[PDB]
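>>> What shape does this take:
(8 chains)
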Protein chains: 8
Amino acid sequence: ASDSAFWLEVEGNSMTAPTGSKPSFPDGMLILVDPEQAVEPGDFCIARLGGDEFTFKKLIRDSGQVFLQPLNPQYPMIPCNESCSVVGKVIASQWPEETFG
Amino acid sequence: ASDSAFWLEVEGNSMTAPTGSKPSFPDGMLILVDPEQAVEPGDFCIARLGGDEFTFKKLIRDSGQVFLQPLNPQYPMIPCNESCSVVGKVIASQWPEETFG
Amino acid sequence: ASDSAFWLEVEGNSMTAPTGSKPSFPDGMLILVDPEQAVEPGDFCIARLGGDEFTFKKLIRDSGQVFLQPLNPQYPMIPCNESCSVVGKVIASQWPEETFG
Amino acid sequence: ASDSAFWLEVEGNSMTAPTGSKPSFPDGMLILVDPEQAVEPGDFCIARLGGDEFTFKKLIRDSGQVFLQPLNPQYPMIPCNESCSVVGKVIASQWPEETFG
Amino acid sequence: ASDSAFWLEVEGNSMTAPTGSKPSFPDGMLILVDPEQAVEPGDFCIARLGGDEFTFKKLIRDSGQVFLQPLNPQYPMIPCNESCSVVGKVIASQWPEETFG
Amino acid sequence: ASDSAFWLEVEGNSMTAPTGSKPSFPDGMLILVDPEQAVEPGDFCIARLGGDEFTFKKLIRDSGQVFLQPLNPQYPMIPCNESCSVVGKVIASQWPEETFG
Amino acid sequence: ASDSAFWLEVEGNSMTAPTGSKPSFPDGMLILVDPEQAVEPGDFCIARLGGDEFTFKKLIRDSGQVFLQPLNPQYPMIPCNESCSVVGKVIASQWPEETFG
Amino acid sequence: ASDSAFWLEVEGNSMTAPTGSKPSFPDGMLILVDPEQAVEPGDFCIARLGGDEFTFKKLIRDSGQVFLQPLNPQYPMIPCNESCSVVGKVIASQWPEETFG
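Residues are numbered from 1 along each chain as shown, chains lettered A, B, ... in the order given. Below you will find the coordinate block:
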């Protein structure tokens, strides 16, 4: 984990996989982003889209096109082109300790 | 966090909550069981059962009786009695690092 | 595979995993049910309910109880006991050849 | 199947059909690819695209134009012209025997 | 088709199957409901729910339970128990003739 | 309808519309083509490209030019000119009766 | 349009219908919300969900269950229960004048 | 907004931009054309084409040439010379009241 790496809190159900599926990062979890580790296809990541919303998706590649895919199928998959910048690789995820009291 | 504390890999959907509610411990996650800590009502814990098979659940109390309750509505509740014995309180949970490649 | 093993065509969506998750046996696939192989937990199988109902689920164990689980979340889980006899272990599955012209 | 046919393992969601539609080739399945058999419109194939990257899709024809179409609605469709080259016809598909342990 | 049969205009995406799966009854189509024909598992129907409101879905049976299942994945399946009653079997569908003006 | 009208089973997803759009003619349905009725813009029809294979689209006029339009946005629009010959207007569509058990 | 009625700017693509569908409200358009007009199934409303955040969607109901549905089939259809509160009916939508030079 | 200006109902996808890009005038919208105003390059206008057939497009200037550019990349570009005359400027667009209920 580089010095640059920072923590973020999963906010949304976009990355919450269907029951029985894995991995899954339910809204509430923490994810460690590390701007210094490249993001390869199949890796999870944070990416800044148009305007300023960062997103947490699985970066995939199909037919030469790169998409940011959600673990929740009920959500949209999106092309990652011009206004799509990968900020860093998600290298870890754990529930915050409060979660256990 | 005690020294008798150990890691276990969640294997099942019993602790997988309906999308939206939290927390949620999906099959494949890592939980840290600490025997040297008590399981107060509402805490998450491991419990050795008859044939000595662990069970991941939430300890709840209802009239001098103690129950092991799954976060997955589909999974039935279970009364903790003769062969039932808490093995420790779950204090942490994270995805194995292999998860992030 | 015993000389008693037999093929069956999956008919239904009880074993159809959510896009992204495996395995999955969509309606249309074939499955080899071997009556002579024991069904350990975590194994896919063909069980009979009542006496004439053929069911295709994943046999599991939660909190000391055995359940026939569907790979399709929307479908209810079911406890396997008295009127629930395992018919055989699913040991292979493939699409029927016609599937390809 | 020709002696030049090999097995590939599906990696992705592009060929995963929505519940109800068939066939479907979810990530993790094995597909037999025969480079000696030709791919007629409607067949399932592997094709080499731009940077020579392989892609598993359905070859279709519409309005006298050829397309590589995914079984999964979320994925885009691609015109199979110049930099599109067919590697082989998909002729079999099954889960690896590990699937049933 | 009995003398009691009547047509209903499909209102809603409940029975719209995803692209590539058939059949599909998109919002706008016509369905001939016949109250005098029994609805076997597999058939499409109109059932009246506890609310006392009408619903259009596919009736299925799994592990002994009966459900009214939609063709659109985004919609929930529902057990057809007490407050669930079959109004009639859906036996034909077509676009109104205005569709082609 | 004229005596020149015949039935055609829609084959392909060119005329399948996005969920929540109408009309829509999913692969599987039956469209009634009547060669004797003029195909006005906004009408559905069967056309011939290169004087051979049929294309089932929606004739339209934009900026003085004519195009055969697919109800599926993924499919490209195609200019109807020289090698483009309209075979007849689509006047009715329905699911074959087998569809309903 | 009551006094309470206020204007919001559509932000996002949850209500951008697929090319060739209607209505549709691309990110950028304005929408008049009137808290004083009820919202019947089929209406376009503004709801406030859990996180104290607002959503613009079409209220619908299926099998006696209310859902907030998006015009974009990509996005998810969410059940509107406990934490879901309908704030107002959307009764108008127009682009801002700046739009047109 | 002049006395000569009038409302028109957009009919077509010619002016339906790709999701994300704005503006976008989906088939079904109302656009207000003001004959009295001039259509500077970049503005949206109406145009009489030959035998009196309207066209909704954007007025661009490429190579000292005045074309009619569509917002839908799928639709061909058209030059506005002889048999092409502007009919006014699009100064406002909005959805018909009937759209909301």
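
>>> mind listing what residue A:71 touches?
Residue A:71 is in contact with A:14, A:15, A:16, A:17, A:21, A:23, A:24, A:25, A:58, C:20, counting by Cβ atoms under 8 Å, 6 or more residues apart in numbering or on different chains. Backbone N, C-alpha and C define where each C-beta goes, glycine included.

>>> which one of those residues is nearest residue G:34?
Taking Cβ to Cβ as the measure, residue G:34 sits nearest to residue A:14 out of the contacts of residue A:71, at 30.7 Å.

>>> State the distance from residue A:14 to chain G.
9 Å (Cβ to the nearest Cβ, to the nearest Å).

>>> Surely that residue is in contact with residue A:56?
Yes: counting by Cβ atoms under 8 Å, residue A:56 is a contact partner of residue A:14 at 7.2 Å.

>>> just to revisit the earlier point, want to try a markdown table for the contacts of residue A:71, with neighbour count and secondary structure as columns?
Below are the contacts of residue A:71 laid out as a markdown table (neighbours: other Cβ atoms under 10 Å in any protein chain shown; DSSP: H, G, I helix; E, B strand; the rest coil):
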| residue | neighbour count | secondary structure |
| --- | --- | --- |
| A:14 | 21 | coil |
| A:15 | 26 | coil |
| A:16 | 27 | coil |
| A:17 | 22 | coil |
| A:21 | 23 | coil |
| A:23 | 18 | coil |
| A:24 | 25 | coil |
| A:25 | 25 | coil |
| A:58 | 20 | strand |
| C:20 | 22 | coil |
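
>>> And the residue nearest the centre of chain A?
When Cα atoms, centre = their mean is applied to chain A, the residue found nearest the centroid is residue A:56 (2.6 Å).

>>> rewinding a little: got the contacts of residue A:71 as JSON lines, with distance to chain H columns?
Putting the contacts of residue A:71 into JSON lines (distance: Cβ to the nearest Cβ, whole Å) gives the following:
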{"residue": "A:14", "distance to chain H": "17"}
{"residue": "A:15", "distance to chain H": "21"}
{"residue": "A:16", "distance to chain H": "24"}
{"residue": "A:17", "distance to chain H": "25"}
{"residue": "A:21", "distance to chain H": "27"}
{"residue": "A:23", "distance to chain H": "28"}
{"residue": "A:24", "distance to chain H": "27"}
{"residue": "A:25", "distance to chain H": "26"}
{"residue": "A:58", "distance to chain H": "21"}
{"residue": "C:20", "distance to chain H": "23"}
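
>>> And what about the residue nearest to the centre of chain A, helix, strand or coil?
Under DSSP: H, G, I helix; E, B strand; the rest coil, residue A:56 falls in the strand class.

>>> for the residue nearest to residue A:62 when sequence neighbours are not counted, what are its contacts?
Among residues not flanking residue A:62 along the chain, residue D:14 sits closest, at 5.2 Å (Cβ to Cβ, 6 or more residues apart in numbering or on different chains). Under the criterion of Cβ under 8 Å, 6+ apart, the contact list for residue D:14 reads A:62, A:63, D:55, D:56, D:57, D:70, D:71, D:72, D:75.

>>> Of the residues you listed, which is the nearest to residue D:99?
Among these, residue D:56 lies closest to residue D:99 (Cβ to Cβ), at 18.8 Å.

>>> pretty sure the closest one contacts residue D:90?
Yes: in this structure, residue D:56 is within contact of residue D:90 by Cβ under 8 Å, at 7.2 Å.

>>> Now do the shared contacts for these two.
Common neighbours of residue D:56 and residue D:90 (Cβ under 8 Å, 6+ apart) are D:31, D:44, D:45, D:46.

>>> Would you point out the most distant pair within these?
D:31 and D:45 (9.8 Å).

>>> Residues that sit against both of those two, list them.
Joint contacts of residue D:31 and residue D:45 (Cβ under 8 Å, 6+ apart) are D:56, D:90.

>>> so which residue of chain A comes closest to chain F?
residue A:74 (12.5 Å; Cβ to the nearest Cβ).

>>> quick one: contacts for that residue?
Under the criterion of Cβ under 8 Å, 6+ apart, the contact partners of residue A:74 comprise E:74, G:75, G:76, G:77.

>>> The same query, at a cut-off of 7 Å, please.
Counting by Cβ atoms under 7 Å, 6 or more residues apart in numbering or on different chains, residue A:74 touches E:74, G:76.

>>> quick one: what helix or strand has it in it?
For residue A:74, there is no host helix or strand (DSSP states H and E).

>>> At the contact with chain D, which residues of chain A appear?
With the criterion set to Cβ under 7 Å from any Cβ of the partner chain, chain A comes near chain D through A:60, A:62, A:63, A:64, A:65, A:77.

>>> Assign residue A:98 to helix, strand or coil.
helix.

>>> what's around it, how many residues?
6 (other Cβ atoms under 10 Å in any protein chain shown).
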